[PDB]
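Residue-level structural notes
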Amino acid sequence: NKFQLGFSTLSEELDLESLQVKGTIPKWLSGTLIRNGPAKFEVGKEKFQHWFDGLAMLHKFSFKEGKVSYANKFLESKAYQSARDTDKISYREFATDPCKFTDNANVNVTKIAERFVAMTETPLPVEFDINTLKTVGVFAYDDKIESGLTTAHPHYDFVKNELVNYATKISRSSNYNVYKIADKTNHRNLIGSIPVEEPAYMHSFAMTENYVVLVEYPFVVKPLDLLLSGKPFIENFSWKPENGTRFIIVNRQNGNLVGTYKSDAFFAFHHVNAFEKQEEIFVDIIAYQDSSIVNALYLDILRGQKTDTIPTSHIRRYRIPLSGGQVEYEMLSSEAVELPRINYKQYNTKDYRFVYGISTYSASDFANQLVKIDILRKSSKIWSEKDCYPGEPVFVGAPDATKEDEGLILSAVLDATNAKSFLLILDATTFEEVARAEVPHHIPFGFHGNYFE
Ligand SMILES: [Co+2]
């Protein structure tokens, strides 16, 4: 297919002070954008089976007075170092086993204890230096919380200055362990433990003012299958729609169980935003009908001539009545959307109007548009370019902004005909280009990135 290059290895690592810039990047952009994703899809004659298995590479876009610098290095995880030095896959990935959890932290990046960390879904992040992109090593937590599975989608409370996440202890007495990390510590405080027979794959979760909401899609594993089966991690998970989806609501200041509520079965990788209003919670999710999208992101499908087989996801607003009752939803947009982002700093946990994402609607091609959904005016704005495949749109608010959509969108875009990627900068209000920075190579299709001031 045309986008095949986005799922092919990038072996080139370089450090460049200036990229060729078209347009003008506002003077006030003084921070660094870090992109994480897979960038090596084979090790000698052995191939990684899934998109999620590729060995983590970081991309650094640092903004100084209208100019932009770029650096990219592979994360020197034990997974990477072992593959490089033995030419054997040596750690168990999401969907590939070799012929000890992987530290292939290829999903996201954040800061814990004032240190930059790469994250996957195994228990421990991997610390890296933002200046050099060199790997420091395993970032240990300083606590007794047991876990075998977690998210690379921590929430952050700006008022209390706390990271919030959960970790699942997978055993014959499995538990969802909801925790927080105060600034300037790597000690996790256990907020609450919810016991569970068959843990669900919950890639992300919802946070409100007072709550963590775990949305437990009925895509679940038998602990003993995970311990004993010869099969890669994700193959041990089963779709059981007869369970329905369970919404688990935990007070995230005192760990009190607010309640559990059930809707009809659905699956999701990514939450958009959630908020309390009266005695109700609204949870906005990028929802699929079932878990089949997981099998659709195997590389042989992504690289193949049947990509219209890849199921679409849409923004569903679930309404949880705390007073009690079945959880119903409505669609916020008819657009197929993935990789959702918001004005997180100002609107996470709050009523809001604007979602940014990639279009998966297949009007003209696979994942070829950026979209901005106006939830209020049930409308959308679109960016696209012949033979271009744009990555996750990262919002950056402007200084002393008075509006939710006053700022910039940053997206790593693959130009398939040019066989090279560019950073695209849109004004968030108009959703039109203000600048782009050329990169001398292709940036493989990634997952998540964050802007650090
Ligand atoms: Co994700």
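Residues numbered from 1 in each chain as written, not as in the entry; some residues may be left out. Heavy atoms only, no water. Residues with missing side-chain atoms left out of burial classes, pairs and counts.

Per the deposited record, the coordinates in this entry were obtained by X-ray crystallography to a resolution of 2.3000 Å.

It is worth spelling out helix 1 (residues 78-86) at this point. If you check which residues of helix 1 are buried, you get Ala79, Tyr80, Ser82 and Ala83. One face of helix 1 carries all of its buried residues, which in axial projection span an arc of 165 degrees. Buried-residue contacts for helix 1 involve strand 4 (42-43) and strand 7 (67-74). Where helix 1 starts, the residue carrying a side-chain oxygen 3.5 Å from the main-chain nitrogen of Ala79 turns out to be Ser77. Once helix 1 finishes, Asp87 follows within two positions and takes phi at roughly 50 degrees, a positive value. (Buried < 20%, exposed > 50% of the residue type's maximum accessible area, 1.4 Å probe, protein only. Helix = DSSP H or I, 4+ residues; strand = E, 2+ residues; numbered from the N terminus. Arc of directions from axis to C-beta. Contact = heavy atoms within 4.5 Å. Polar contact = N/O pair within 3.5 Å; in protein donor to acceptor, adjacent residues only side chain to side chain.)

Using the residue numbers shown here, the UniProt feature "binding site: Fe(2+)" (unreviewed entry) corresponds to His153, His203, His270 and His448. Taken along the chain, the residues just named run across 296 residues; in space they keep tight, none of their C-alpha pairs more than 12.5 Å apart. Note on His153: relative accessible area 15%, which makes it buried. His153 has contacts with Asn108, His203, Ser204, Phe205, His270 and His448, leaving out every residue within four places of it along the chain. For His153, the side chain forms a polar contact with the side chain of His270, separated by 3.4 Å. Using a relative accessible area of 4% as the deciding quantity, one classes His203 as buried. Dropping the residues within four chain positions of it, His203 is found in contact with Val107, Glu121, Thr151, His153, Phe269, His270 and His448. A polar contact of 2.9 Å, which involves the side chain of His203, links it to the side chain of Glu121. (UniProt positions renumbered as here; feature names shortened; annotations may be inferred.)

So, about the sheet that holds strand 28 (residues 354-359). Sheet strands pair by backbone hydrogen bonding; their relative direction is either parallel or antiparallel. Overall, antiparallel pairing links the four strands, which are arranged 27-28-29-30 in an open sheet. This sheet does not close on itself; its edge strands, each paired only once, are strand 27 (337-341) and strand 30 (379-384). Averaged over neighbouring strand pairs, the angle between their axes works out to 30 degrees when direction is ignored. Pairing of strand 27 with strand 28 involves three bridges; the strand directions are antiparallel. Paired with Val337 across the strands is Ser359, a residue of strand 28. (Pairing = 2+ DSSP bridges. Axes fitted to C-alpha atoms, helices over the stretch in contact; angles between N-to-C directions.)

Our next topic: the coordination of the cobalt ion. Taken together, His153 (NE2), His203 (NE2), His270 (NE2) and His448 (NE2) make up the full set of protein donors to the cobalt ion, lying 2.1 Å away. Each donor residue of the cobalt ion belongs to the same chain, and together they define the spacing H-x49-H-x66-H-x177-H. On the criterion of sequence distance, the pair formed by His203 in the loop between strand 16 (189-195) and strand 17 (206-207) and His448 in the loop between strand 35 (433-438) and strand 36 (449-452) is long-range, its members being 245 residues apart. (Donors = N, O, S within 2.8 Å, 3.2 Å for Na, K, Ca; no water.)

Bringing the nonpolar core into the picture now. Residues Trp51, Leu214, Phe247 and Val283 are the most contacted members of the largest nonpolar core, which totals 82 residues. Not counting chain neighbours up to four residues away, the residues in contact with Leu214 comprise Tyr166, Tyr176, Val178, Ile194, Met202, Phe205, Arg246, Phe247 and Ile248. Counting 20 residues, the second largest nonpolar core, distinct from the first, contains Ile25, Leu29, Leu408 and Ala437. (Core = buried A, V, L, I, M, F, W, Y, C linked by side-chain atoms within 4.5 Å.)

Moving on, we get to unusual backbone geometry. With a phi angle near 55 degrees, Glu114 is a residue other than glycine that sits in the positive phi range. By secondary structure assignment, the location of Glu114 is in the loop between strand 8 (108-112) and strand 9 (115-119). Backbone geometry places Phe431, a non-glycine residue, at a positive phi of 65 degrees. Here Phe431 lies in the loop between strand 34 (420-427) and strand 35.

The next subject is the sheet that holds strand 11 (residues 135-138). Strand order across the open sheet formed by four strands is 8-9-10-11, with antiparallel pairing between neighbours. Each edge of the sheet is formed by a strand with only one pairing partner; in this case those strands are strand 8 and strand 11. Taking the axes of each pair of neighbouring strands and ignoring which way they run, one obtains an average angle of 35 degrees across the sheet. By the bridge criterion, two bridges tie strand 9 to strand 10 (residues 126-128) in an arrangement that is antiparallel. Note on strand 10: the bridge partner recorded for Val117 is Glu127.

Following the criterion strictly, the structure yields 41 aromatic pairs and no others. Ring centres of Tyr166 and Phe205 lie 6.0 Å apart, and the angle between their planes is 80 degrees; this geometry places the pair in the edge-to-face category. Highlighted residues: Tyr166 in strand 14 (residues 162-169) and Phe205 in the loop between strand 16 and strand 17, separated in sequence by 39 residues. We classify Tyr166 as buried; its relative accessible area is 1%. On the accessibility criterion, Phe205 (1% relative accessible area) is buried. Over the ring of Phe354 we find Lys372; its NZ or CZ atom is 4.5 Å from the centre of that ring. Across from the ring centre of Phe422, 4.0 Å away, lies the NZ or CZ of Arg436, which sits over that ring. (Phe/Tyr/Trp six-rings, centres within 6.5 Å; stacked < 30°, edge-to-face > 60°. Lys NZ or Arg CZ within 6 Å of the ring centre and 35° of its normal.)

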